[PDB]
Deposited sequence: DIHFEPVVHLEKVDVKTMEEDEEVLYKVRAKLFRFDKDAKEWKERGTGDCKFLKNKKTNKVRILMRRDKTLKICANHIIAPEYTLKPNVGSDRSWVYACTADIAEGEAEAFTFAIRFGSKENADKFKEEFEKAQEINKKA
């Protein structure tokens, strides 16, 4: 006699190629200064269906997206004058805050090592996005 028993991130289809903690800035052109956009895990996500690789970064605690853009082959990581543990680059289509907007980003890491590992992985992802 059987007794009756009592009664979506959108990152589902992606492989995590690379993850590192980071602080992300955007350059406000009008006032010539960097502004923090978020701190948290920066992830490299490769879509299983398109093999395309994106950067996705979410803020700690609130988990709000502060970066979401294809790692474009045309992009170039440049040093910032103040830092040996950051990269600056121009991004033409980021969708963190809704509609696709262009930004100059800066991303800083805990160490030079992490910044160097990031750049290596960033250029690897660029090659993947080429094929």
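- If you line the structure up with the deposited chain, the stretches without a C-alpha atom are 1, 9-15, 140.
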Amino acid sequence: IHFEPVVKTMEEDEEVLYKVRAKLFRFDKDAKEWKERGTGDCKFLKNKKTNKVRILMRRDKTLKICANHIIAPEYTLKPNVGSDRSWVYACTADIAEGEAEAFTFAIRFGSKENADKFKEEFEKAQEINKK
From here on, numbers count along this sequence of modelled residues.
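- The deposited model assigns a higher average Cα B-factor to 95-103 than to the other stretch when 33-41 and 95-103 are compared.
- Across the two stretches, 9-17 and 113-121, the PDB entry reports the greater mean Cα temperature factor for 9-17.
- Across the residues 26, 69, 48, 59, the deposited record lists the maximum Cα B factor for 48.
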